[PDB]
>>> print(open('final-v8.cif').read())   # mmCIF, C-alpha atoms and all ligand atoms
data_entry
loop_
_atom_site.group_PDB
_atom_site.id
_atom_site.type_symbol
_atom_site.label_atom_id
_atom_site.label_comp_id
_atom_site.auth_asym_id
_atom_site.auth_seq_id
_atom_site.Cartn_x
_atom_site.Cartn_y
_atom_site.Cartn_z
ATOM 1 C CA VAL A 1 -2.944 15.827 26.340
ATOM 2 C CA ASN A 2 -2.568 12.437 24.633
ATOM 3 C CA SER A 3 0.115 10.718 22.577
ATOM 4 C CA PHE A 4 -1.590 10.812 19.162
ATOM 5 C CA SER A 5 0.617 12.626 16.653
ATOM 6 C CA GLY A 6 0.326 14.058 13.150
ATOM 7 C CA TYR A 7 -3.482 14.325 13.053
ATOM 8 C CA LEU A 8 -5.429 17.048 11.301
ATOM 9 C CA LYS A 9 -8.140 18.516 13.545
ATOM 10 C CA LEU A 10 -11.549 18.481 11.848
ATOM 11 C CA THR A 11 -13.787 19.600 14.749
ATOM 12 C CA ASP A 12 -13.563 20.051 18.504
ATOM 13 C CA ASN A 13 -13.524 16.258 18.966
ATOM 14 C CA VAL A 14 -12.708 14.606 15.591
ATOM 15 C CA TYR A 15 -9.161 14.188 14.230
ATOM 16 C CA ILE A 16 -7.926 12.422 11.072
ATOM 17 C CA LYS A 17 -4.662 11.036 9.669
ATOM 18 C CA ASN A 18 -3.406 8.985 6.719
ATOM 19 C CA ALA A 19 -2.126 5.928 8.562
ATOM 20 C CA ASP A 20 -2.255 2.158 8.873
ATOM 21 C CA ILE A 21 -4.418 1.544 11.948
ATOM 22 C CA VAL A 22 -2.351 -1.557 12.775
ATOM 23 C CA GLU A 23 0.881 0.439 12.918
ATOM 24 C CA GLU A 24 -0.820 3.320 14.738
ATOM 25 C CA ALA A 25 -2.193 1.040 17.461
ATOM 26 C CA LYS A 26 1.181 -0.645 17.979
ATOM 27 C CA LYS A 27 2.837 2.766 18.344
ATOM 28 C CA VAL A 28 0.259 4.465 20.563
ATOM 29 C CA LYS A 29 -1.160 1.464 22.467
ATOM 30 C CA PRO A 30 -4.442 3.359 22.919
ATOM 31 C CA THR A 31 -6.970 2.528 25.591
ATOM 32 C CA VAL A 32 -9.447 1.627 22.826
ATOM 33 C CA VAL A 33 -8.901 0.583 19.209
ATOM 34 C CA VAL A 34 -12.065 0.167 17.143
ATOM 35 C CA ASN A 35 -12.428 -2.832 14.847
ATOM 36 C CA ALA A 36 -14.568 -2.810 11.696
ATOM 37 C CA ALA A 37 -16.323 -6.001 12.796
ATOM 38 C CA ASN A 38 -19.115 -8.158 11.419
ATOM 39 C CA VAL A 39 -21.848 -9.748 13.541
ATOM 40 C CA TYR A 40 -20.013 -13.106 13.626
ATOM 41 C CA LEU A 41 -16.677 -11.523 14.614
ATOM 42 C CA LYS A 42 -15.088 -13.309 11.637
ATOM 43 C CA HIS A 43 -12.024 -11.136 11.044
ATOM 44 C CA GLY A 44 -11.198 -12.268 7.545
ATOM 45 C CA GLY A 45 -10.279 -9.126 5.658
ATOM 46 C CA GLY A 46 -10.309 -5.371 5.610
ATOM 47 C CA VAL A 47 -9.389 -3.647 8.859
ATOM 48 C CA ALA A 48 -10.559 -6.663 10.895
ATOM 49 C CA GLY A 49 -8.326 -9.081 9.023
ATOM 50 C CA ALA A 50 -5.365 -6.746 9.467
ATOM 51 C CA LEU A 51 -5.928 -6.210 13.200
ATOM 52 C CA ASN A 52 -6.437 -9.922 13.776
ATOM 53 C CA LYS A 53 -3.284 -10.823 11.824
ATOM 54 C CA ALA A 54 -1.305 -8.396 13.988
ATOM 55 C CA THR A 55 -2.532 -10.296 17.093
ATOM 56 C CA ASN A 56 -1.287 -13.620 15.664
ATOM 57 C CA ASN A 57 -4.963 -14.780 15.486
ATOM 58 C CA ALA A 58 -5.532 -14.270 19.241
ATOM 59 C CA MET A 59 -8.314 -11.793 18.428
ATOM 60 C CA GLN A 60 -10.095 -14.476 16.387
ATOM 61 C CA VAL A 61 -9.716 -17.126 19.115
ATOM 62 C CA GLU A 62 -11.174 -14.762 21.722
ATOM 63 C CA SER A 63 -13.940 -13.727 19.325
ATOM 64 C CA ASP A 64 -14.971 -17.321 18.595
ATOM 65 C CA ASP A 65 -15.443 -17.919 22.322
ATOM 66 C CA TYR A 66 -17.453 -14.688 22.597
ATOM 67 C CA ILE A 67 -19.822 -15.779 19.802
ATOM 68 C CA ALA A 68 -20.162 -19.310 21.170
ATOM 69 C CA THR A 69 -21.327 -17.810 24.479
ATOM 70 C CA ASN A 70 -23.353 -14.794 23.342
ATOM 71 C CA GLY A 71 -24.368 -15.285 19.717
ATOM 72 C CA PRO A 72 -23.916 -12.738 16.943
ATOM 73 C CA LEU A 73 -23.857 -9.000 17.405
ATOM 74 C CA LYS A 74 -26.492 -6.720 15.893
ATOM 75 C CA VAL A 75 -25.741 -4.548 12.879
ATOM 76 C CA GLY A 76 -25.125 -1.182 14.542
ATOM 77 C CA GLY A 77 -23.984 -2.902 17.743
ATOM 78 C CA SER A 78 -20.689 -3.557 19.463
ATOM 79 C CA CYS A 79 -18.827 -5.470 22.111
ATOM 80 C CA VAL A 80 -15.688 -4.755 24.138
ATOM 81 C CA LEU A 81 -12.978 -7.421 24.020
ATOM 82 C CA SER A 82 -9.244 -7.465 24.645
ATOM 83 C CA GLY A 83 -6.944 -5.236 22.641
ATOM 84 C CA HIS A 84 -4.239 -7.931 22.827
ATOM 85 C CA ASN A 85 -0.836 -6.471 21.850
ATOM 86 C CA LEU A 86 -2.435 -3.474 20.096
ATOM 87 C CA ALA A 87 -4.463 -1.628 22.760
ATOM 88 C CA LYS A 88 -5.958 -2.158 26.192
ATOM 89 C CA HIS A 89 -9.387 -2.893 24.684
ATOM 90 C CA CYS A 90 -10.826 -3.500 21.242
ATOM 91 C CA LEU A 91 -14.306 -2.099 20.603
ATOM 92 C CA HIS A 92 -15.718 -4.333 17.859
ATOM 93 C CA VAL A 93 -18.326 -2.198 16.053
ATOM 94 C CA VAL A 94 -20.588 -3.492 13.277
ATOM 95 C CA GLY A 95 -21.377 -0.886 10.657
ATOM 96 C CA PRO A 96 -23.758 -1.810 7.839
ATOM 97 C CA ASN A 97 -22.132 -3.704 4.941
ATOM 98 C CA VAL A 98 -23.662 -2.289 1.750
ATOM 99 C CA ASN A 99 -22.370 -5.306 -0.157
ATOM 100 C CA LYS A 100 -24.831 -7.317 2.000
ATOM 101 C CA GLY A 101 -27.814 -4.995 1.493
ATOM 102 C CA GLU A 102 -27.763 -3.620 5.041
ATOM 103 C CA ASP A 103 -29.472 -0.343 5.881
ATOM 104 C CA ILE A 104 -26.988 2.529 5.682
ATOM 105 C CA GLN A 105 -29.123 4.357 8.260
ATOM 106 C CA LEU A 106 -27.630 1.978 10.840
ATOM 107 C CA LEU A 107 -24.294 3.787 10.455
ATOM 108 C CA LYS A 108 -25.338 6.422 12.994
ATOM 109 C CA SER A 109 -26.255 3.716 15.514
ATOM 110 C CA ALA A 110 -22.842 2.118 14.928
ATOM 111 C CA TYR A 111 -21.001 5.371 15.647
ATOM 112 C CA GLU A 112 -23.065 5.937 18.821
ATOM 113 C CA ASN A 113 -21.080 3.088 20.396
ATOM 114 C CA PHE A 114 -18.008 5.348 20.344
ATOM 115 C CA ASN A 115 -19.667 7.704 22.871
ATOM 116 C CA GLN A 116 -19.189 5.096 25.618
ATOM 117 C CA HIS A 117 -15.404 5.701 25.465
ATOM 118 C CA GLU A 118 -13.619 8.962 26.201
ATOM 119 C CA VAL A 119 -10.866 8.479 23.574
ATOM 120 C CA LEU A 120 -10.630 6.024 20.655
ATOM 121 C CA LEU A 121 -8.453 5.138 17.685
ATOM 122 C CA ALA A 122 -10.727 4.104 14.841
ATOM 123 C CA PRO A 123 -11.244 3.529 11.121
ATOM 124 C CA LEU A 124 -14.174 4.986 9.212
ATOM 125 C CA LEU A 125 -17.161 2.703 9.767
ATOM 126 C CA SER A 126 -18.625 0.945 6.724
ATOM 127 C CA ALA A 127 -15.759 2.184 4.518
ATOM 128 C CA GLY A 128 -13.538 -0.098 2.474
ATOM 129 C CA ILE A 129 -15.014 -3.542 1.877
ATOM 130 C CA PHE A 130 -18.238 -2.642 3.707
ATOM 131 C CA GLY A 131 -19.116 -0.641 0.600
ATOM 132 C CA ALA A 132 -20.217 2.762 1.923
ATOM 133 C CA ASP A 133 -18.970 6.158 0.776
ATOM 134 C CA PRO A 134 -16.127 7.107 3.178
ATOM 135 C CA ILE A 135 -17.054 10.798 2.814
ATOM 136 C CA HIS A 136 -20.534 10.031 4.166
ATOM 137 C CA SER A 137 -19.051 7.902 6.945
ATOM 138 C CA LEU A 138 -16.845 10.810 8.036
ATOM 139 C CA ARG A 139 -19.868 13.141 8.090
ATOM 140 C CA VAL A 140 -21.867 10.728 10.253
ATOM 141 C CA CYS A 141 -18.862 10.324 12.551
ATOM 142 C CA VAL A 142 -18.489 14.072 13.078
ATOM 143 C CA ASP A 143 -22.236 14.515 13.600
ATOM 144 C CA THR A 144 -22.608 11.550 16.007
ATOM 145 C CA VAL A 145 -19.443 11.019 18.046
ATOM 146 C CA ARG A 146 -18.983 13.462 20.922
ATOM 147 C CA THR A 147 -15.979 11.784 22.546
ATOM 148 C CA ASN A 148 -12.425 12.197 21.235
ATOM 149 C CA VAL A 149 -11.875 10.122 18.099
ATOM 150 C CA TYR A 150 -8.615 9.700 16.177
ATOM 151 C CA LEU A 151 -9.475 8.412 12.695
ATOM 152 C CA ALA A 152 -6.950 6.455 10.620
ATOM 153 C CA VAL A 153 -7.495 6.357 6.841
ATOM 154 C CA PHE A 154 -5.276 3.817 5.074
ATOM 155 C CA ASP A 155 -5.540 5.193 1.525
ATOM 156 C CA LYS A 156 -3.591 8.429 1.006
ATOM 157 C CA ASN A 157 -5.695 9.440 -2.001
ATOM 158 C CA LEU A 158 -8.939 8.936 -0.047
ATOM 159 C CA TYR A 159 -7.561 10.834 2.942
ATOM 160 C CA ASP A 160 -6.784 13.877 0.788
ATOM 161 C CA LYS A 161 -10.318 13.696 -0.637
ATOM 162 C CA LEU A 162 -11.943 13.510 2.815
ATOM 163 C CA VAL A 163 -9.977 16.535 4.025
ATOM 164 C CA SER A 164 -10.379 18.610 0.871
ATOM 165 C CA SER A 165 -14.059 17.688 0.671
ATOM 166 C CA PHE A 166 -14.676 18.057 4.412
ATOM 167 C CA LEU A 167 -17.267 20.694 5.233
HETATM 168 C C1 LIG A 201 -11.855 1.645 7.001
HETATM 169 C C2 LIG A 201 -10.884 2.243 5.969
HETATM 170 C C3 LIG A 201 -11.510 2.267 4.568
HETATM 171 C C4 LIG A 201 -10.596 3.786 6.370
HETATM 172 O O1 LIG A 201 -10.477 3.925 7.772
HETATM 173 N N1 LIG A 201 -9.631 1.388 5.874
HETATM 174 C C5 LIG A 201 -8.571 1.277 6.794
HETATM 175 N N2 LIG A 201 -8.258 2.343 7.643
HETATM 176 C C6 LIG A 201 -7.199 2.226 8.520
HETATM 177 N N3 LIG A 201 -6.387 1.182 8.678
HETATM 178 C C7 LIG A 201 -6.682 0.141 7.850
HETATM 179 N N4 LIG A 201 -6.007 -1.045 7.819
HETATM 180 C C8 LIG A 201 -6.553 -1.886 6.883
HETATM 181 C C9 LIG A 201 -7.620 -1.231 6.281
HETATM 182 C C10 LIG A 201 -7.748 0.094 6.872
HETATM 183 CL CL CL A 202 -11.250 -1.924 4.253
#
>>> encode(input="final-v8.cif", output="structure tokens")
Amino acid sequence: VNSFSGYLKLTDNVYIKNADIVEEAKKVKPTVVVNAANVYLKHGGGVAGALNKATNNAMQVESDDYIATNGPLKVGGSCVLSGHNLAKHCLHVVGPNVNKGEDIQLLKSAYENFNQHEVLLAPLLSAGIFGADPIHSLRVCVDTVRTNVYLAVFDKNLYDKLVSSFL
């Protein structure tokens, strides 16, 4: 039993809700919140910009030190950093950004990072400003993640489409 509330159950291990991931994380304080990161951990917009804003820019400060030490992430890769005031940990995961010409096949590799964590709050990878079809992202999630994932979809219209189109 966990404290996530109001989710629709899609499969044994995948759950979905129309919610603002920032407000969800503040309420639940999950062990792991997933960020829709880029390889530079520049959290300028989309989910990343919203999560970073909610940390009063502390996420960005920590991220800049991480990059200065380690260099950029790989597309499809991840790193674990602090969750600040939102969660114990933040798993920064880089899905492909179609608006950069990145291989959509890397989306499965990106979701594989979730399997290193028993329970996660997450957005759909490569959705929104990363330019992929959120319906496809949900399919890859369900077919790749085996741990317990609570998906937050900001747009109510899109949420209804993902559910009503979910196979
Ligand atoms: C990634 C996508 C398209 C669906 O998960 N968007 C979001 N989902 C949840 N919280 C969010 N906050 C800001 C944007 C956003
Ligand atoms: Cl977005």
>>> residues_near_point(input="final-v8.cif", point="(-17.2, -4.1, 25.3)", cutoff="8 Å", atoms="all atoms listed in the file", output="PyMOL selection string")
chain A and resi 78-81+89-92
>>> atom_distance(input="final-v8.cif", atom1="atom CA of residue A:165", atom2="atom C1 of ligand LIG 201 (chain A)")
17.4 Å
>>> residues_near_ligand(input="final-v8.cif", ligand="ligand LIG 201 (chain A)", cutoff="6 Å", atoms="only C-alpha atoms and all ligand atoms", output="list in words")
residues 20, 21, 46, 47, 50, 123, 124, 127, 128, 152, 153 and 154 of chain A
>>> write_last_selection(input="final-v8.cif", atoms="C-alpha atoms", output="PDB file, in the frame of the given file")
ATOM      1  CA  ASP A  20      -2.255   2.158   8.873  1.00  0.00           C
ATOM      2  CA  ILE A  21      -4.418   1.544  11.948  1.00  0.00           C
ATOM      3  CA  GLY A  46     -10.309  -5.371   5.610  1.00  0.00           C
ATOM      4  CA  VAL A  47      -9.389  -3.647   8.859  1.00  0.00           C
ATOM      5  CA  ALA A  50      -5.365  -6.746   9.467  1.00  0.00           C
ATOM      6  CA  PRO A 123     -11.244   3.529  11.121  1.00  0.00           C
ATOM      7  CA  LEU A 124     -14.174   4.986   9.212  1.00  0.00           C
ATOM      8  CA  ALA A 127     -15.759   2.184   4.518  1.00  0.00           C
ATOM      9  CA  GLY A 128     -13.538  -0.098   2.474  1.00  0.00           C
ATOM     10  CA  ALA A 152      -6.950   6.455  10.620  1.00  0.00           C
ATOM     11  CA  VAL A 153      -7.495   6.357   6.841  1.00  0.00           C
ATOM     12  CA  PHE A 154      -5.276   3.817   5.074  1.00  0.00           C
TER      13      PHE A 154
END
>>> resolve_selection(input="final-v8.cif", expression="the PyMOL selection byres (((chain A and resi 167) around 12) and not hetatm)", output="list in words")
residues 10, 11, 135, 136, 138, 139, 142, 143, 161, 162, 163, 164, 165 and 166 of chain A
>>> resolve_selection(input="final-v8.cif", expression="the PyMOL selection byres (((chain A and resi 25) around 12) and not hetatm)", output="PyMOL selection string")
chain A and resi 3-5+19-24+26-35+50-51+54-55+83-90+120-123+150-152
>>> atom_distance(input="final-v8.cif", atom1="atom CA of residue A:40", atom2="atom CA of residue A:109")
18.0 Å
>>> residues_around(input="final-v8.cif", residues="stretch 116-118 of chain A", least_positions_apart="4", cutoff="8 Å", atoms="only C-alpha atoms", output="compact mmCIF listing (two decimals) with C-alpha atoms, in the frame of the given file")
# COMPACT_ATOMS: atom_id res chain seq x y z
CA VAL A 32 -9.45 1.63 22.83
CA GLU A 112 -23.06 5.94 18.82
CA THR A 147 -15.98 11.78 22.55
CA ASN A 148 -12.42 12.20 21.24
>>> closest_atom_pairs(input="final-v8.cif", of="stretch 31-122 of chain A", to="stretch 131-134 of chain A", cutoff="9 Å", atoms="only C-alpha atoms", output="Markdown table")
| residue | atom | partner | partner_atom | distance |
| --- | --- | --- | --- | --- |
| A:96 | CA | A:132 | CA | 8.3 |
| A:97 | CA | A:131 | CA | 6.1 |
| A:98 | CA | A:131 | CA | 5.0 |
| A:99 | CA | A:131 | CA | 5.7 |
| A:100 | CA | A:131 | CA | 8.9 |
| A:104 | CA | A:132 | CA | 7.7 |
>>> closest_residue(input="final-v8.cif", among="A:7, A:119, A:62, A:45", to="ligand CL 202 (chain A)", atoms="all atoms listed in the file")
A:45
>>> closest_residue(input="final-v8.cif", among="A:103, A:59, A:137, A:39", to="residue A:72", atoms="all atoms listed in the file")
A:39
>>> atom_distance(input="final-v8.cif", atom1="atom CA of residue A:38", atom2="atom CA of residue A:77")
9.6 Å
>>> closest_residue(input="final-v8.cif", among="A:158, A:111, A:141, A:129", to="residue A:44", atoms="only C-alpha atoms")
A:129
>>> closest_residue(input="final-v8.cif", among="A:36, A:67, A:110, A:140", to="residue A:52", atoms="all atoms listed in the file")
A:36
>>> closest_residue(input="final-v8.cif", among="A:126, A:63, A:157, A:113", to="residue A:145", atoms="all atoms listed in the file")
A:113
>>> closest_residue(input="final-v8.cif", among="A:149, A:61, A:48, A:16", to="ligand CL 202 (chain A)", atoms="only C-alpha atoms and all ligand atoms")
A:48
>>> decode(input="final-v8.cif", residues="stretch 64-165 of chain A", atoms="C-alpha atoms", output="PDB file, in the first residue's frame")
ATOM      1  CA  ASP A  64      25.182  22.474 -12.813  1.00  0.00           C
ATOM      2  CA  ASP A  65      27.643  20.987 -10.323  1.00  0.00           C
ATOM      3  CA  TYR A  66      26.775  17.479 -11.544  1.00  0.00           C
ATOM      4  CA  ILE A  67      27.508  18.427 -15.173  1.00  0.00           C
ATOM      5  CA  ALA A  68      30.709  20.272 -14.275  1.00  0.00           C
ATOM      6  CA  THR A  69      31.969  17.076 -12.618  1.00  0.00           C
ATOM      7  CA  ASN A  70      30.574  14.366 -14.899  1.00  0.00           C
ATOM      8  CA  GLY A  71      29.736  15.901 -18.268  1.00  0.00           C
ATOM      9  CA  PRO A  72      26.448  15.488 -20.116  1.00  0.00           C
ATOM     10  CA  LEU A  73      24.152  12.516 -19.839  1.00  0.00           C
ATOM     11  CA  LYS A  74      23.413  10.233 -22.784  1.00  0.00           C
ATOM     12  CA  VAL A  75      20.089  10.354 -24.601  1.00  0.00           C
ATOM     13  CA  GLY A  76      18.299   7.378 -23.047  1.00  0.00           C
ATOM     14  CA  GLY A  77      20.332   7.748 -19.847  1.00  0.00           C
ATOM     15  CA  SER A  78      19.714   9.042 -16.356  1.00  0.00           C
ATOM     16  CA  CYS A  79      21.197  10.157 -13.085  1.00  0.00           C
ATOM     17  CA  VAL A  80      19.904  10.212  -9.508  1.00  0.00           C
ATOM     18  CA  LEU A  81      20.072  13.566  -7.720  1.00  0.00           C
ATOM     19  CA  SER A  82      18.269  15.116  -4.774  1.00  0.00           C
ATOM     20  CA  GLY A  83      14.509  15.481  -4.811  1.00  0.00           C
ATOM     21  CA  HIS A  84      14.846  18.715  -2.799  1.00  0.00           C
ATOM     22  CA  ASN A  85      11.461  19.716  -1.313  1.00  0.00           C
ATOM     23  CA  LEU A  86       9.537  17.509  -3.772  1.00  0.00           C
ATOM     24  CA  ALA A  87      10.750  13.932  -3.180  1.00  0.00           C
ATOM     25  CA  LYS A  88      13.608  12.035  -1.590  1.00  0.00           C
ATOM     26  CA  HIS A  89      15.329  11.617  -4.972  1.00  0.00           C
ATOM     27  CA  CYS A  90      14.899  12.950  -8.482  1.00  0.00           C
ATOM     28  CA  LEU A  91      15.647  10.516 -11.309  1.00  0.00           C
ATOM     29  CA  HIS A  92      16.618  12.756 -14.234  1.00  0.00           C
ATOM     30  CA  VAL A  93      15.819  10.729 -17.376  1.00  0.00           C
ATOM     31  CA  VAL A  94      16.635  11.873 -20.915  1.00  0.00           C
ATOM     32  CA  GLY A  95      14.093  10.746 -23.472  1.00  0.00           C
ATOM     33  CA  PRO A  96      14.710  11.575 -27.132  1.00  0.00           C
ATOM     34  CA  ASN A  97      13.646  15.100 -28.165  1.00  0.00           C
ATOM     35  CA  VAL A  98      12.043  14.766 -31.606  1.00  0.00           C
ATOM     36  CA  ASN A  99      12.393  18.514 -32.088  1.00  0.00           C
ATOM     37  CA  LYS A 100      16.174  17.840 -32.050  1.00  0.00           C
ATOM     38  CA  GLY A 101      16.091  14.898 -34.476  1.00  0.00           C
ATOM     39  CA  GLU A 102      16.855  12.272 -31.829  1.00  0.00           C
ATOM     40  CA  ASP A 103      16.056   8.615 -32.430  1.00  0.00           C
ATOM     41  CA  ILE A 104      12.632   7.764 -31.013  1.00  0.00           C
ATOM     42  CA  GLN A 105      13.877   4.187 -30.556  1.00  0.00           C
ATOM     43  CA  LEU A 106      15.848   5.504 -27.567  1.00  0.00           C
ATOM     44  CA  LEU A 107      12.554   5.942 -25.694  1.00  0.00           C
ATOM     45  CA  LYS A 108      12.620   2.308 -24.564  1.00  0.00           C
ATOM     46  CA  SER A 109      16.156   2.731 -23.211  1.00  0.00           C
ATOM     47  CA  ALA A 110      14.988   5.841 -21.339  1.00  0.00           C
ATOM     48  CA  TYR A 111      12.119   3.974 -19.673  1.00  0.00           C
ATOM     49  CA  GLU A 112      14.449   1.101 -18.686  1.00  0.00           C
ATOM     50  CA  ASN A 113      15.968   3.466 -16.109  1.00  0.00           C
ATOM     51  CA  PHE A 114      12.685   3.287 -14.176  1.00  0.00           C
ATOM     52  CA  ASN A 115      13.283  -0.429 -13.455  1.00  0.00           C
ATOM     53  CA  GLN A 116      16.066   0.491 -11.009  1.00  0.00           C
ATOM     54  CA  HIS A 117      13.429   1.938  -8.630  1.00  0.00           C
ATOM     55  CA  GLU A 118      10.595   0.029  -6.989  1.00  0.00           C
ATOM     56  CA  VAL A 119       8.079   2.923  -7.112  1.00  0.00           C
ATOM     57  CA  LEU A 120       8.171   6.205  -9.067  1.00  0.00           C
ATOM     58  CA  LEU A 121       6.088   9.278  -9.816  1.00  0.00           C
ATOM     59  CA  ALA A 122       6.705  10.253 -13.421  1.00  0.00           C
ATOM     60  CA  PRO A 123       5.592  12.134 -16.529  1.00  0.00           C
ATOM     61  CA  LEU A 124       5.378  10.505 -19.942  1.00  0.00           C
ATOM     62  CA  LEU A 125       8.870  10.512 -21.444  1.00  0.00           C
ATOM     63  CA  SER A 126       9.410  12.509 -24.639  1.00  0.00           C
ATOM     64  CA  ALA A 127       5.888  13.979 -24.423  1.00  0.00           C
ATOM     65  CA  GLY A 128       5.152  17.691 -24.411  1.00  0.00           C
ATOM     66  CA  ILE A 129       7.997  19.821 -25.737  1.00  0.00           C
ATOM     67  CA  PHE A 130      10.122  16.755 -26.534  1.00  0.00           C
ATOM     68  CA  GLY A 131       7.797  16.258 -29.497  1.00  0.00           C
ATOM     69  CA  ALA A 132       6.800  12.581 -29.337  1.00  0.00           C
ATOM     70  CA  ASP A 133       3.278  11.175 -29.465  1.00  0.00           C
ATOM     71  CA  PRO A 134       2.179  10.740 -25.811  1.00  0.00           C
ATOM     72  CA  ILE A 135       0.079   7.704 -26.805  1.00  0.00           C
ATOM     73  CA  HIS A 136       3.228   5.976 -28.081  1.00  0.00           C
ATOM     74  CA  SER A 137       5.134   7.010 -24.957  1.00  0.00           C
ATOM     75  CA  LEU A 138       2.465   5.406 -22.763  1.00  0.00           C
ATOM     76  CA  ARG A 139       2.668   2.182 -24.795  1.00  0.00           C
ATOM     77  CA  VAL A 140       6.455   2.026 -24.435  1.00  0.00           C
ATOM     78  CA  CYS A 141       6.114   2.728 -20.712  1.00  0.00           C
ATOM     79  CA  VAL A 142       3.662  -0.131 -20.178  1.00  0.00           C
ATOM     80  CA  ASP A 143       5.759  -2.510 -22.287  1.00  0.00           C
ATOM     81  CA  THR A 144       9.102  -1.579 -20.649  1.00  0.00           C
ATOM     82  CA  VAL A 145       8.629  -0.587 -17.009  1.00  0.00           C
ATOM     83  CA  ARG A 146       8.126  -3.504 -14.624  1.00  0.00           C
ATOM     84  CA  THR A 147       8.307  -1.544 -11.368  1.00  0.00           C
ATOM     85  CA  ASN A 148       5.372   0.465 -10.002  1.00  0.00           C
ATOM     86  CA  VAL A 149       4.928   3.715 -11.921  1.00  0.00           C
ATOM     87  CA  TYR A 150       2.421   6.485 -11.183  1.00  0.00           C
ATOM     88  CA  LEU A 151       2.093   8.624 -14.319  1.00  0.00           C
ATOM     89  CA  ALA A 152       0.953  12.255 -14.139  1.00  0.00           C
ATOM     90  CA  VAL A 153      -0.489  13.794 -17.323  1.00  0.00           C
ATOM     91  CA  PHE A 154      -0.919  17.571 -17.098  1.00  0.00           C
ATOM     92  CA  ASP A 155      -3.391  18.040 -19.966  1.00  0.00           C
ATOM     93  CA  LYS A 156      -6.905  16.804 -19.154  1.00  0.00           C
ATOM     94  CA  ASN A 157      -7.823  16.410 -22.827  1.00  0.00           C
ATOM     95  CA  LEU A 158      -4.694  14.324 -23.504  1.00  0.00           C
ATOM     96  CA  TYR A 159      -5.305  12.205 -20.410  1.00  0.00           C
ATOM     97  CA  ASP A 160      -8.809  11.295 -21.593  1.00  0.00           C
ATOM     98  CA  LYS A 161      -7.356  10.375 -24.998  1.00  0.00           C
ATOM     99  CA  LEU A 162      -4.642   8.149 -23.491  1.00  0.00           C
ATOM    100  CA  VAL A 163      -7.195   6.287 -21.368  1.00  0.00           C
ATOM    101  CA  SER A 164      -9.863   5.987 -24.053  1.00  0.00           C
ATOM    102  CA  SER A 165      -7.244   4.989 -26.618  1.00  0.00           C
TER     103      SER A 165
END
